[PDB]
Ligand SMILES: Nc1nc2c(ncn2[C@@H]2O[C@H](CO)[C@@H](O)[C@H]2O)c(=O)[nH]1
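A single chain, nothing else alongside it, follows as structure tokens in the form deposited without the named molecule.
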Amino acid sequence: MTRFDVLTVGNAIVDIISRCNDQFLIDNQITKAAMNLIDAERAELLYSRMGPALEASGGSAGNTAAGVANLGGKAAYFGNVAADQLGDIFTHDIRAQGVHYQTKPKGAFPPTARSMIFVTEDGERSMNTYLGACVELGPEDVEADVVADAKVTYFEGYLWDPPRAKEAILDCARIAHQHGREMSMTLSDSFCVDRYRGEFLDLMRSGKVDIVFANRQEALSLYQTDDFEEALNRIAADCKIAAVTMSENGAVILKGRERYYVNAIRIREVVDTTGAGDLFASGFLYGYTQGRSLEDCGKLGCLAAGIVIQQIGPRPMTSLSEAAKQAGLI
């Protein structure tokens, strides 16, 4: 009996969401489909140009934890907010979903991280993130008992941007593996991969990470190739299990020489791709920690991801457990 199926660790962020036309991205030099890091001044400037918006709790790993809880798994989260209204919102939403969240704010400045996410007509999302209080996440925020009691500890590639978060993750890896648990990461973003390519490969090759999540763009970036088949062969050689998503083309799960291809679900419309990779990870890890086959893990992931992209906001507002039952997956 273990307390948690999945612990996730990431940048605790509230999303500020608006729809824009494609010229808006060009005029403001926002890299489309990417996570664009911004300072406080740029955040104010961008906000001043943004239309009326919606707010929703975000953070890649936060979304993944919420998804696992939604499906019926037991989840926990480490991430740092400020003692402010945005932080109170973040804390409420993740705990309300049934995720264990106990990371204490350190003060009111820097303020809670926020990401201005612009959704274009094609449903693509372009994020503009001020890290704020996320820069204060460190080893002191590792709840050692929680890591020890979680089947899988999953973390964001994005954690390599703030200065001390990587130290916390190294502590997590040691505790997890001392207790026979598994470590997982997502490559997060192709530009994130570009920034930390050598470090990410070292995490995988040293065995600090057991299960890796990537999309097509991240996998291509990791090996700096345009050959997707090369990327798949290389990622399989670098980690024990790789789960590679391919948008409308579904996903492929690799283990050694094993490959399991899974189809994307049928969708009404792509409203907002925000959270797709996050929720794929939720589905996958839920299945993984329930002892499901790798293909069925992929199927659960594709289900969760296809659901999230048909709504505004990064965390499904409907029951994923009910959808899984109806899809005949649980």
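Residue numbers run from 1 along the displayed sequence.
Here the subject shifts to the form deposited with the named molecule bound, a form of this protein not shown in this document.
S.K.: Please check if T245 has a heavy atom lying within 4.5 Å of any heavy atom of the named molecule in the entry with it bound.
M.R.: Contact check for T245: yes, within 4.5 Å of the named molecule in the entry with it bound.
S.K.: Just checking whether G250 would be counted as a contact of the named molecule in the entry with it bound - the rule being heavy atoms within 4.5 angstroms.
M.R.: Answer yes; at least one heavy atom of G250 falls within 4.5 Å of the named molecule in the entry with it bound.
S.K.: Considering non-hydrogen atoms and a 4.5 Å limit, does the named molecule approach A264 in the entry with it bound?
M.R.: Yes, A264 is a contact residue.
S.K.: Might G277 be said to contact the named molecule in the entry with it bound, defining contact as any heavy atom within 4.5 Å?
M.R.: Close contact exists here: in the entry with it bound, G277 approaches the named molecule to within 4.5 Å, heavy atoms only.
S.K.: Can you confirm whether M185, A236 and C239, the three residues that make up this candidate site, all sit within 4.5 Å of the named molecule in the entry with it bound, judged by heavy atoms?
M.R.: Zero of three within 4.5 Å in the entry with it bound.
S.K.: Using the arrangement in the entry with it bound, list in sequence order the residues of 309-324 with any heavy atom within 4.5 angstroms of the named molecule.
M.R.: The stretch 309-324, when checked against the named molecule in the entry with it bound, contributes only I309 at the 4.5 Å heavy-atom cut-off.
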